[PDB]
Colleague: 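One structure coming up, written as structure tokens, with questions to follow.
Letters A, B, ... are given to chains in the order of the sequence lines, protein chains preceding strands, and every chain is numbered from 1.
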Amino acid sequence: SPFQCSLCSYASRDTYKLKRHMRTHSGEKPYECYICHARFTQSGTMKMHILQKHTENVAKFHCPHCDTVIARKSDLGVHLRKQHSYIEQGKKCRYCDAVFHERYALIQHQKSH
DNA sequence: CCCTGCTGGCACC
DNA sequence: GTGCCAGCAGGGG
Ligand SMILES: [Zn+2]
Ligand SMILES: [Zn+2]
Ligand SMILES: [Zn+2]
Ligand SMILES: [Zn+2]
Ligand SMILES: [Zn+2]
């Protein structure tokens, strides 16, 4: 990684990667949504914007361990890691003595009180 | 450079 | 308290 950034410690082997990184410092947003004229730093981010808001018949992602539906697959990963990650020694209920080894089931029981 | 997944601020009303 | 959102960089090539 010979290409070194001038304003921070980021470095890369490709010129495209540094040109893209420089947008974080310059605040440049060269991509614009042709419907609401919203600006974005990267083109892939713009495609996700058009899909999630302006595109009809979108296929969201359903969680396998509960009934929550999520629009983005990456946000489903956050859900799985945050809500359904196993807890070796479960956390006690705030009200009663019930114990749960997954965060989602713990909150759903506390809301039942 | 397109595709992909991760990150943290922030509506939620 | 968490999904939504744009920001963001790595991988492959
Ligand atoms: Zn930099
Ligand atoms: Zn738009
Ligand atoms: Zn779930
Ligand atoms: Zn309880
Ligand atoms: Zn479980």
Side-chain angles (χ1 to χ4, degrees):
Chain A
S1 54
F3 299 96
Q4 183 71 35
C5 180
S6 303
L7 302 183
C8 78
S9 304
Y10 178 80
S12 176
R13 303 181 177 181
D14 182 23
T15 308
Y16 163 87
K17 295 298 182 63
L18 177 63
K19 289 180 176 178
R20 191 179 62 181
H21 166 72
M22 284 304 195
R23 304 172 188 172
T24 65
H25 300 292
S26 62
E28 183 179 0
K29 304 171 184 178
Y31 303 99
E32 186 190 27
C33 173
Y34 73 101
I35 299 183
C36 59
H37 307 258
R39 303 173 183 178
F40 311 94
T41 63
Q42 297 186 10
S43 61
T45 308
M46 182 185 63
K47 297 183 179 181
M48 180 63 62
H49 164 87
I50 302 180
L51 178 61
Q52 292 295 336
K53 290 187 176 182
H54 304 328
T55 305
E56 197 182 356
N57 307 322
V58 296
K60 299 184 178 182
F61 299 88
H62 189 276
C63 179
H65 209 53
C66 74
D67 296 332
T68 305
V69 57
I70 298 180
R72 296 164 180 81
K73 183 178 181 179
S74 60
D75 288 327
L76 176 59
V78 178
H79 175 87
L80 292 171
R81 280 134 45 191
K82 176 63 179 182
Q83 305 297 333
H84 302 299
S85 59
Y86 189 75
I87 306 179
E88 211 70 24
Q89 189 176 16
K91 301 179 180 180
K92 304 178 181 180
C93 178
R94 303 174 187 177
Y95 298 90
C96 63
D97 292 28
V99 185
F100 298 89
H101 295 265
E102 286 176 353
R103 178 178 176 87
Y104 188 84
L106 175 63
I107 304 301
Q108 231 64 41
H109 168 72
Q110 293 178 1
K111 292 183 177 180
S112 180
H113 293 339

Colleague: Is it the case that C/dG10 (base atoms only) and A/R13 (side chain only) share a donor and an acceptor within less than 3.5 Å, ignoring hydrogens and angles?
Modeller: no

Colleague: Is any side-chain heavy atom of A/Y104 closer than 4.5 Å to one of A/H79?
Modeller: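 A side-chain contact under 4.5 Å exists here.
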
Colleague: What nucleic acid atoms does A/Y16 come within less than 4.0 Å of, heavy atoms only: base, sugar-phosphate, or nothing?
Modeller: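 It contacts base atoms.
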
Colleague: State whether the distance check finds a donor on one side and an acceptor on the other, under 3.5 Å, for side chain A/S43 versus base B/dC2.
Modeller: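 There is none.
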
Colleague: Just wondering, are more than 12 heavy atoms of other shown residues or ligands nearer than 6.0 Å to OH in A/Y86?
Modeller: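 Yes - once you tally the heavy atoms of other residues, nucleotides and ligands closer than 6.0 Å, there are more than 12.
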
Colleague: Do any side-chain nitrogens or oxygens of A/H79 fall under 4.0 Å of OP1 or OP2 in C/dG3?
Modeller: yes

Colleague: A/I70 has an atom CD1; how far is it from atom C1' of C/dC5, in whole Å?
Modeller: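 One finds 14 Å between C1' of C/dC5 and CD1 of A/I70, rounded.
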
Colleague: Categorize A/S74 for me: base, sugar-phosphate, or nothing, with a 4.0 angstrom heavy-atom threshold over every strand shown.
Modeller: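 The answer is base, as A/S74 lies within the cut-off (heavy atoms under 4.0 Å) of a base atom.
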
Colleague: By the 4.0 Å heavy-atom rule, please label A/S12 as base, sugar-phosphate, or nothing.
Modeller: nothing

Colleague: Find the distance A/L51:CG to C/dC4:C1' and express it as a whole number of Å.
Modeller: 14 Å

Colleague: Indicate whether OP1 or OP2 belonging to B/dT7 is found under 4.0 Å from a side-chain N or O atom of A/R81.
Modeller: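 Checking A/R81 against B/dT7: at least one side-chain N or O falls below 4.0 Å of OP1 or OP2.
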
Colleague: Could you check whether A/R23 gets within reach of a base, just the sugar-phosphate, or nothing at all, counting any heavy atom under 4.0 Å?
Modeller: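 Nothing, no nucleic acid heavy atom in range.
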
Colleague: Would you kindly give the NZ-to-P distance between A/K73 and B/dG5, to the nearest whole Å?
Modeller: 5 Å

Colleague: Hey, does the side chain of A/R39 reach the backbone of A/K29 with a donor-acceptor pair shorter than 3.5 angstrom?
Modeller: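 Absent.
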
Colleague: Consider the side chain of A/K29, meaning its heavy atoms from C-beta on, and name the nucleotide among C/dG7, C/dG3, B/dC1 that approaches it most closely.
Modeller: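 Given the options C/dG7, C/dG3, B/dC1, the side chain of A/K29 is closest to C/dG7.
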
Colleague: I want to check one thing: is the phosphate of C/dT2, taken as OP1 and OP2, less than 4.0 Å away from some side-chain N or O of A/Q83?
Modeller: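 Yes, within the criterion.
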
Colleague: Hey, is the side chain of A/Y31 poking within less than 4.0 Å of OP1 or OP2 on B/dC2, counting only N and O atoms?
Modeller: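 For A/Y31, the contact criterion (side-chain N or O under 4.0 Å from OP1 or OP2 of B/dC2) is not met.
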
Colleague: Between A/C33 and A/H54, is there a side-chain heavy-atom distance shorter than 4.5 Å?
Modeller: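 In contact.
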
Colleague: Within the modelled atom types, does a donor on one side and an acceptor on the other bring the side chain of A/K17 and the base of C/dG11 under 3.5 Å apart?
Modeller: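 Flag set: donor-acceptor pair detected.
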
Colleague: Whole angstroms only, please: what is the CG-P distance between A/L76 and C/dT2?
Modeller: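 Checked: the CG to P distance equals 15 Å.
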
Colleague: NA contact type, A/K53, heavy-atom cut-off 4.0 Å: base, sugar-phosphate, or nothing?
Modeller: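 If one applies the 4.0 Å heavy-atom cut-off, A/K53 turns out to touch the sugar-phosphate alone, with no base involved.
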
Colleague: Taking only the side-chain nitrogens and oxygens of A/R20, find out if one of them lies under 4.0 Å from OP1 or OP2 of C/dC8.
Modeller: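 For A/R20, the contact criterion (side-chain N or O under 4.0 Å from OP1 or OP2 of C/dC8) is not met.
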
Colleague: Whole-Å distance between C/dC8 P and A/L18 CG?
Modeller: 14 Å

Colleague: Between atom CG in A/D75 and atom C1' in C/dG1, what is the gap in whole Å?
Modeller: 15 Å

Colleague: Between the base of C/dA6 and the side chain of A/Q42, is there a donor and acceptor pair under 3.5 angstrom?
Modeller: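 Side chain to base: no pair below 3.5 Å.
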
Colleague: Measure from the side chain of A/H49, starting at C-beta and using heavy atoms only, and say which of C/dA6, C/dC8, C/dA9 lies closest.
Modeller: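 Among the listed nucleotides, the one closest to the side chain of A/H49 is C/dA6.
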
Colleague: Across the strands shown, which category fits A/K47 at heavy-atom distances under 4.0 angstrom: base, sugar-phosphate, nothing?
Modeller: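 If one applies the 4.0 Å heavy-atom cut-off, A/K47 turns out to touch the sugar-phosphate alone, with no base involved.
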
Colleague: Indicate yes or no for a side-chain donor-acceptor contact from A/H101 to the backbone of A/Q89 under 3.5 Å, with no hydrogens or angles considered.
Modeller: no

Colleague: Send over the distance from A/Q52 CD to B/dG5 P, rounded to a whole Å.
Modeller: 14 Å

Colleague: Using a cut-off of 4.0 Å on non-hydrogen atoms, how would the nucleic acid contact of A/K19 be classed: base, sugar-phosphate, or nothing?
Modeller: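 The answer is nothing, as A/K19 stays clear of every strand by at least 4.0 Å.
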
Colleague: Indicate, with yes or no, if the rings of A/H49 and A/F40 have centres closer together than 6.0 Å.
Modeller: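 Yes, the ring centres sit under 6.0 Å apart.
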
